[PDB]
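J.: Got a sequence here, can you model it:
(chains A, B and C, ligands or ions: 1)
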Amino acid sequence: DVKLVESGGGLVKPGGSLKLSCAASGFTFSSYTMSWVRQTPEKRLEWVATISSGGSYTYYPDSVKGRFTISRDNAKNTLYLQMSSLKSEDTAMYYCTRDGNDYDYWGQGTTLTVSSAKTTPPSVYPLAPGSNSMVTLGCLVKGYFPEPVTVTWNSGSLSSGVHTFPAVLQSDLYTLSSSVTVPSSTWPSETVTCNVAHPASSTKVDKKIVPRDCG
Amino acid sequence: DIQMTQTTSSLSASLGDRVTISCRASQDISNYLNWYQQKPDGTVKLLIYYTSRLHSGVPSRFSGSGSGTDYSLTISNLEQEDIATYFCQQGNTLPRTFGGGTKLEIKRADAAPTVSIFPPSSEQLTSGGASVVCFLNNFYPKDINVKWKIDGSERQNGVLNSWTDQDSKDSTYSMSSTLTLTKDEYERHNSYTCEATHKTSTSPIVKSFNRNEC
Amino acid sequence: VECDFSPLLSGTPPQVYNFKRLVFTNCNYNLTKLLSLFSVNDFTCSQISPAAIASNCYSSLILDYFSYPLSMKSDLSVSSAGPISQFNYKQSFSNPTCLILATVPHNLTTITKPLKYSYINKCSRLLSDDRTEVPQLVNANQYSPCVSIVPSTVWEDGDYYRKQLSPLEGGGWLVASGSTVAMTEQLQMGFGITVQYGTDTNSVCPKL
Ligand SMILES: *[C@@H]1O[C@H](CO)[C@@H](O)[C@H](O)[C@H]1NC(C)=O
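T.: Numbers count the residues shown, from 1 in each chain, chains lettered A, B, ... in the order given. Below you will find the coordinate block:
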């Protein structure tokens, strides 16, 4: 199966540079024309660049040309997107796509935040209910930057009754909560734990949900 | 540049329904029009290429149509996993450009919200912060209203809310509501009340807790 | 430039269930120009005012038009059950919408009249076990599924129209019944307006 994997995204200062990469597998890479399509935080999709199979040339919208450089290493099956003179209108999820008459395969994307704001570790506070066949817990991931964070429960084990709320941005800091509902039987009979990963600050903290020791 | 317009930004229908999504182009693109599905987790896959041709791996219920500048996508026999946002895209001339997108909501039975309220954790209070969190989980329709009360009086300021996209599995929506004040001010009160108003009931669902009673 | 409303002025307008939809972006409009060519009987909007919709900027403007007797004005309210709102026509309840009932005057000569007024009184799905009749309420900004089996004009009041659906579509039948209203001396029409706001553009604005 055709597979596209983006890497290299991150937080960047305005005016700065960053090179994205995309690992391609499952098809003859040198045979297809490849493109980048970004999705802004506004969910707007914008074509960014495409490069020929060879590629004897490359094509850009004006809104990106002279600053971006799409390139290709057919021997090592990777696609690149060298960005420079970065703007805040460049922050978006960036997708590696296989192209031709259409973008028939998409990678999962890698994020780019172009900000002057500072990287800040998250504080993770447990949300246990105050003192039913189901019980809802939570974690409060407060004051991190930038996006994204990852939140899982018991290292992925708890996925059924889980939904993680979208982060809310306020004063250059993000905050989100995750809600997990497990039966009342395994809590607190069985350990329930939220796992917060923040790659940008390389901070990963685990928070065991302990019942509110309310004395 | 060729502009791509989708007649609507959002659409809703029942399971089994036949759904159509329309797309207008600003000039003749000669059937070079593609349709993409983006699911709530963010993953994008091609559905239809060149107006009407079914992409490999995409079920027969999906179909496309149209010519000139006016094109359509159709989903017959709506299925749960069809919850997603659908985009059109023209491939006639550079720059390649996308429609603004159409979100597909799949109708379900009315459902009242599950309401949970959490006090500030000991960790947060230690650092002088006081966030009161209220969860409003798994309800339908998506519209809902939250009202906070502190020792009986309504607090509008200092509230941060967050909504889920439609749940891919149960077709519901969920919401988070957080009231942040200072530790100094949080300790100056006793009762904090969370009221959820939803069309499922004329009386609001109420969830509260006491700071001292713990 | 110039939002063209000309398609409204020529030919025989469709019935309510197969309303014509004009979509405007990247152009300048004059609402008060078009409506003046008509004899307007009613002009009701939701989440917006009649004066405002003629003078605001949008990312998109949707203009639906069809034949509709002024006598069934009642059946345009989402307030009523009504065969019209349930099976034929339902606007977006989230964006600002206007609903306009006008009569084409003697001096508007380029519009032609239909033989009569037609609407869907019933749209349902007869399931595999030929017991369960399931009504098919029209979704907002959508056509009824019964547009495919109801003729552009209903042949005779009380006509049933059926088509068998495939197992893919879940088998069974699509079943519709149609109603007719006698044509009036001058044609009575209906206009549905919907406006949308978006990232960009300043696309749809009144011309000056
Ligand atoms: C059409 O008739 C209406 C009233 O019957 C009148 O107000 C309008 O000026 C006339 N316009 C033309 C072009 O005849």
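J.: now the end-to-end length of stretch A:10-24.
T.: 21 Å (C-alpha to C-alpha, to the nearest Å).
J.: Return the distance of it from the chain's centre.
T.: How far stretch A:10-24 lies from its chain's middle: 13 Å, per C-alpha atoms, centre = their mean, to the nearest Å.
J.: Report the buried residues of it.
T.: Of all the residues in stretch A:10-24, those buried under the rule 16 or more other C-beta atoms under 10 Å in any protein chain shown are A:11, A:12, A:18, A:20, A:21, A:22, A:23, A:24. Backbone N, C-alpha and C define where each C-beta goes, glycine included.
J.: What are the contacting residues of that stretch?
T.: With contacts defined as C-beta atoms under 8 Å, 6 or more residues apart in numbering or on different chains, stretch A:10-24 is touched by A:2-9, A:34, A:36, A:77-88, A:94, A:96, A:98, A:107, A:110-116, A:119, A:145-146, A:200.
J.: Show me the domain layout of chain C.
T.: C:1-115+C:183-208, C:116-182 (curated CATH domains).
J.: mind putting the ones you listed in TSV, distance to residue B:113 and mean neighbour count included?
T.: Listed next are the domains of chain C as TSV, based on distance: least, C-beta to C-beta, whole Å; neighbours: other C-beta atoms under 10 Å in any protein chain shown:
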stretch	distance to residue B:113	mean neighbour count
domain C:1-115+C:183-208	20	17
domain C:116-182	24	17
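J.: Tell me which of these lies nearest to residue B:195.
T.: Set against residue B:195 and scored by C-beta to C-beta, the domains of chain C come closest in domain C:1-115+C:183-208, at 24.3 Å.
J.: center of chain B, which residue is that?
T.: Against the mean C-alpha coordinate of chain B, by C-alpha atoms, centre = their mean, the closest residue is residue B:165 at 2.7 Å.
J.: what helix or strand is that residue on?
T.: Under the criterion DSSP states H and E, no helix or strand holds residue B:165.
J.: Next one: it from chain C, what distance?
T.: 16 Å (C-beta to the nearest C-beta, to the nearest Å).
J.: cool, and residue B:105?
T.: According to C-beta to the nearest C-beta, residue B:105 and chain C sit 10 Å apart.
J.: Work out for me the element that residue sits within.
T.: Using DSSP H and E, residue B:105 falls in strand B:102-106.
J.: now for that strand, which elements pack on it?
T.: Packing partners of strand B:102-106 (3 or more C-beta pairs under 8 Å, 6 or more residues apart in numbering or on different chains; DSSP states H and E): strand B:10-13, strand B:19-25, strand B:84-90.
J.: Residues contacting the shortest one, please?
T.: The list of residues contacting strand B:10-13 from outside it, by C-beta under 8 Å, 6+ apart, reads B:19, B:21, B:78, B:102-107, C:94, C:139-142.
J.: What would it look like as CSV? C-alpha coordinates only.
T.: Provided in CSV are the C-alpha atoms of strand B:10-13 (Å, rounded to 0.1, in the frame of the first residue of the first chain):
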residue,chain,number,x,y,z
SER,B,10,-22.4,22.4,6.4
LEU,B,11,-25.1,19.7,5.8
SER,B,12,-26.9,17.1,7.9
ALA,B,13,-28.8,13.9,7.1
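J.: ok, which residues in chain A are in contact with chain C?
T.: A:42, A:44 (C-beta under 8 Å from any C-beta of the partner chain).
J.: from the contacts of strand B:10-13, which is closest to residue A:186?
T.: For these, the closest approach to residue A:186 (C-beta to C-beta) belongs to residue B:106, at 31.1 Å.
J.: close enough to count as contact, that closest one and residue B:75?
T.: No: when contacts are counted by C-beta atoms under 8 Å, residue B:106 is not listed as touching residue B:75 (10.3 Å).
J.: Quick check: beta-bridge partners of residue A:34?
T.: Beta-bridge pairing of residue A:34 under DSSP bridges involves residue A:51, residue A:98.
J.: just checking, it touches residue A:50?
T.: Yes: under the criterion of C-beta under 8 Å, residue A:34 makes contact with residue A:50 at 6.6 Å.
J.: Would you mind listing the residues touching both of those two?
T.: Residues touching both residue A:34 and residue A:50 (C-beta under 8 Å, 6+ apart): A:70, A:99.
J.: coming back round to it: any chance of the domains of chain C in TSV with distance to residue B:69 as columns?
T.: TSV is the format used below for these (distance: least, C-beta to C-beta, whole Å):
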stretch	distance to residue B:69
domain C:1-115+C:183-208	10
domain C:116-182	19
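J.: And those domains: which comes nearest residue A:167?
T.: With C-beta to C-beta, the closest approach to residue A:167 among those belongs to domain C:1-115+C:183-208: 20.6 Å.
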